[PDB]
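What follows is a single chain, given as structure tokens, in the form deposited in one PDB entry.
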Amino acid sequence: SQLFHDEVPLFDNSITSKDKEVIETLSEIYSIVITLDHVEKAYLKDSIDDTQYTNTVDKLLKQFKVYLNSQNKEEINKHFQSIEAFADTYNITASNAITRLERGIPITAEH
């Protein structure tokens, strides 16, 4: 009602230039996790083949690791850790969970 009177900017005055970088890297990590999931559903229902699925996923995971081990790595991983701890770790078996965890593979909600 009145609680939302004026339109707010993406980055208000409490945002430093470093936060912006952090947020952008997070948006990039977000895109990969989302894409990773769609590529898999794609493969699962035969839209692409073994190789395509494999080459693609590999490219993505590498760029992913790079986002977690580059500029502002400190802040970024703090956000990711809590993000992952909040993830809906369901429909994924503890069996598969360990495989992924050792492989550095992020959680991708498969519905």
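Shifts are known only where both forms have a C-alpha. A residue's number is simply how far along the shown sequence it sits, counting from 1. Whichever C-alpha set is largest while still superposing within 1.5 Å between the two forms counts as the rigid core.
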(Q) Test of understanding: from the entry's C-alpha B-factors, which stretch has the higher mean, 21-29 or 94-102? (A) 94-102
Q. Do the C-alpha atoms of 79-87 or of 42-50 have the higher average B factor in the entry?
A. 42-50
Q: Name the third of the chain's ranked CA B-factors that contains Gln71, choosing lowest, middle or highest.
A: highest
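Here the subject shifts to the form deposited in another entry, a form of this protein not shown in this document.
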(Q) Quick check on the comparison between this form and the one not shown: with the core aligned, only one of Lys73, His38, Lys59, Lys65 should show a Cα shift of at least 2 Å. Which one is it? (A) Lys73
Q: Return yes or no for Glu28: a CA shift of at least 2 Å between this form and the one not shown, with the rigid core superposed?
A: no
Q: Verify the C-alpha shift of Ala94 between this form and the one not shown: is it 2 Å or more after superposing the core?
A: yes
**Q.** Comparison of CA distance in the other entry with shown form for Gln81, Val66, at least 3 Å
**A.** farther
Q.
Please check whether, in the other entry, the CA atoms of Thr56 and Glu84 lie closer or farther apart than here, given a change of 3 Å or more.
A. farther
Q. Segments of at least 3 residues with every CA displaced 2 Å or more between this form and the one not shown, core-aligned, in sequence order?
A. 70-74, 77-104
